[PDB]
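Only one chain comes next, encoded as C-alpha cells, the form deposited without the DNA.
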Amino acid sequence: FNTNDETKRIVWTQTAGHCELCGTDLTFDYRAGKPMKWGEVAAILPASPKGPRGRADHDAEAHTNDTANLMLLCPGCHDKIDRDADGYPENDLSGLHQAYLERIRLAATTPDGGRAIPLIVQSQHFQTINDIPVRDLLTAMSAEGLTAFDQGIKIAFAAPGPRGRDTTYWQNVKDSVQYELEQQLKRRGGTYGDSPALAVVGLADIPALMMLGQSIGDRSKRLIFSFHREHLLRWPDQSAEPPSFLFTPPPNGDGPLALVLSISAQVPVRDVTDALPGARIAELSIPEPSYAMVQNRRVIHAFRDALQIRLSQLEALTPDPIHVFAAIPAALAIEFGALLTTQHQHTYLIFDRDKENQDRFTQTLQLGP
C-alpha cells in the first residue's frame, strides 16, 4: 500500500510543489539556499483503518495511487493532520484539496492579459479597521489575466485628528493623492514602462476618491476594481446587467445647483437643502439604491456614461459651481473624478457627511480646473 513514484511526481506537479494547507514552497530552502524537495505526499484516508481518518469502507488497494486522496504537504502540516484526525476530518481535507487544485487549474487556463500596476488607496476615517488585502487585488487581477512585477502601491491616508476632517486632514489627503502616489508611480516607470495599466481599488473618503480619479483620469489603461462587502475584490456577477440610471432635472431659478447621487442609498432632500439652502436639486439614482450594486465593471462604465450626459446638461445651465451630494460606491466615486480630469472642467464643490456635525452635509474639497 505504497504510493508509487509516478503518482508522487503527479502530486508534486499538480500542486506546483507548494504545501496545500499553508502555501509554503516545498522545492527550495530559502534559509540556506539549496534546492530541496522537502514536501511529503500525504494520504487523506489511511491505508490501515486504524490510522488517522481510518474507516473500513475505504479500500486501501483501490486508492493507494488515487491523487484525489493524496495531498502535497510540508512536514509540519502533515504531522498535525496525522496527530489530530478529529480536527482535520476527511471531508474537510478533501474539500481543501479540491479547492487548491482548482485554483491551480484556473491560473493555468487563464489567457494572458498583460501587466498592470496594483494600486490600493484606503482611508482611516471610519471608526473600524479599513484594510484591503493585497492578495485579493492580485487574485482579482489574475482572474482577468493581469499580472504585476511587484505587489504594487498601497496608500493609507492619515487618520482624522482631534478636530475631525479639518483643513489639515484634507491637505493630508491632497498630499497623499497628488504627491505620495505620484512619487510611487514614478518609481515604477522603469519596470512597467511609460504608460502602464493601473489596476486601482479604493475604499476611502468619497471626496478623496473623486480627487484620486481626477489625478489618474488621464491614464488610458485604468482598470477599476471594487471592494464588495460580500465578494471582497471578486466581481459579484460578471453576467449582471447594469441598472437604469434615472435622472430628475433641476427646477428653474437662481438657487445654487446641487447634483445628488442616490446610488448606494437615497440621499434625503432635506439634508441637501439643510446644508445648501435654496438648492436646485438634480438627482441621478437607480431604482433600488444598494451598497451591493457594483456587480461588475460594466456597471461602473454604465454609471460613467449616464453621469457624462448629466454633467454636460448641468454645466450648460450655469457658470457657477455644482455642489455634489453623493451616496455612491467607492469605485463609482473614482470614476466620477476621472470624468473631471479633462471632459468636465467645471468647478465642483463636494459635500460629505460630517460626524462632528450630527451627520449634516458639509463642504469638503473643491475639484475642477
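Residue numbers here begin at 1 and follow the sequence given. Residues that one form lacks are left out of the comparison. Whichever C-alpha set is largest while still superposing within 1.5 Å between the two forms counts as the rigid core.
If you look for the form solved in complex with the DNA, you will not find it shown, but the lines that follow are about it.
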Heavy atoms, 4.5 Å, the DNA in the bound PDB entry: which of 23-31, 306-314, 335-343, 37-45 makes the cut? Say which one. 37-45
Against the DNA in the bound PDB entry, would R187 count as a contact residue? Criterion: heavy atoms within 4.5 Å. no
Is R270 one of the residues lying within 4.5 Å of the DNA in the bound PDB entry, judged by heavy atom distances? no
Given that the DNA is not shown alongside this chain, does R229 nevertheless sit within 4.5 Å of it in the bound PDB entry, heavy atom to heavy atom? no
Please determine whether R135 contacts the DNA in the bound PDB entry, using a 4.5 Å cut-off between heavy atoms. no
Which one, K154, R297, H78, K174, lies within 4.5 Å of the DNA in the bound PDB entry by heavy atoms? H78
Among the candidates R163, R103, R83, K221, the residue which, in the bound PDB entry, approaches the DNA to within 4.5 Å (heavy atoms): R83
If you fit the rigid core and then compare C-alpha positions between the shown form and the other one, only one of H125, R234, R219, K80 moves by 2 Å or more. Name it. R219
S220 and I155, C-alpha gap in the bound PDB entry relative to this structure (3 Å or more): closer
Checked in the bound PDB entry: CA of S220 to CA of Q178 differs by 3 Å or more, atoms lying closer
Report the moving segments between the shown form and the other one: consecutive residues, 3 or more per run, each with a CA shift of 2 Å or more after superposition on the core, given in sequence order. 219-221
